[PDB]
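For the sequence shown, the numbering used here gives the first residue as 4, with consecutive numbering after it.
C-beta: ideal position from N, C-alpha, C; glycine also.
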Amino acid sequence: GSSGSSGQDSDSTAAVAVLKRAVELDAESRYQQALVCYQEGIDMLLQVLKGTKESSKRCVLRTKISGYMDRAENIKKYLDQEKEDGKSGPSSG
């Protein structure tokens, strides 16, 4: 190929991007964003893996998905609590 961000497009691709972006957000402390992103990819990968006979790819994939699921969770689990933690509104929330 050639060093240049122009091409590269596919199904799982979107996941690669979404996933990538997620990481960033995660590093930006924007878990609320890195979460969905992470989920957006996982969901995408899931379908990818589902359609992956490769005994290897599956490993990697399954390793990526899950690897992106744990984080997402930890986040969500932290987001759900961070939500109510808000302790700021008209009444409850």
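Using a Cβ-Cβ cutoff of less than 7 angstroms, which residues in the same chain neighbour residue i once the five nearest sequence positions on both sides are dropped?
i           : result
residue 164 : Nothing can be reported for residue 164: it is not among the residues displayed for the chain, which extend from 4 to 96.
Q36         : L28
Quick check on the burial criterion: 16 or more other C-beta atoms within 10 angstroms. Buried or exposed for residue i?
i           : result
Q11         : exposed
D83         : exposed
residue 107 : One cannot answer for residue 107 here, as it falls past the ends of the chain, which runs 4 to 96.
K53         : exposed
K56         : exposed
Hey, residue i and residue j: beta-carbon distance below 8 angstroms or not?
i           : j   : result
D73         : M47 : no
residue 112 : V63 : Any property of residue 112 remains undetermined from this structure, which presents the chain solely from 4 to 96.
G44         : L22 : yes
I68         : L38 : no
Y34         : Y81 : yes
Between which two residues does the alpha helix (DSSP H) carrying residue i extend?
i         : result
residue 3 : Nothing about residue 3 can be reported from this structure: the residues present for the chain run from 4 to 96 only.
**Study point:** Runs of alpha helix (DSSP H) lying entirely within the region 17 to 59, each at least 4 residues, in chain order
**Key:** Segments of the alpha helix (DSSP H) lying fully in the region 17 to 59: 34 to 53.
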